[PDB]
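Taking it in order: structure first as structure tokens, then the write-up.
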Amino acid sequence: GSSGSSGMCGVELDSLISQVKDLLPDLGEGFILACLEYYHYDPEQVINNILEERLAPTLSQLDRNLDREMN
């Protein structure tokens with residue numbers, strides 16, 4: 001059990017976001033991205049955190065409806 005991905009920087013990234021978003025569309029990507037980034041670009045983590053209200057003090061403060069600059 002150990003999936004290996006050679007790349008993950010462009011499409012994949014987007015996928016992740018969408019993944020979470022799909023679950024938490026209310027929130028803005030900008031915030032969904034930040035989280036991911038902080039969560040080793042992990043969808044489960046982000047949600048897990050949110051669900052576990054374990055959202056960092058830097059994210060929980062971030063603009064819940066943060067947008068993504070350019071794309």
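In the structure tokens, each chain is lettered A, B, ... as it comes, each chain's residues begin at 1, and ligands are numbered from 1 in order of appearance.
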Residue neighbourhood residue 35 of chain A, 12 Å, only C-alpha atoms, exclusion window fewer than 2 positions, as a ChimeraX atom specification: /A:16-17,20-21,27-33,37-50,54-64,66
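Separating atom CA of residue 34 of chain A from atom CA of residue 3 of chain A is a distance of 23.1 Å.
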Just to confirm, what's the straight-line distance from atom CA of residue 18 of chain A to atom CA of residue 1 of chain A in Å (one decimal)?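 We find that atom CA of residue 18 of chain A and atom CA of residue 1 of chain A lie 24.3 Å from each other.
If only C-alpha atoms are the atoms counted, then among A:70, A:12, A:51, A:4 the closest residue to residue 24 of chain A is A:51.
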As an exercise, work out the distance from atom CA of residue 5 of chain A to atom CA of residue 68 of chain A in Å and give it to one decimal place.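 Computed distance, atom CA of residue 5 of chain A to atom CA of residue 68 of chain A, equals 24.1 Å.
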Enumerate, as a VMD selection string, the complete set of residues in chain A that a backbone-based DSSP assignment places in alpha helix (DSSP H). chain A and resid 11 to 23 29 to 38 43 to 51
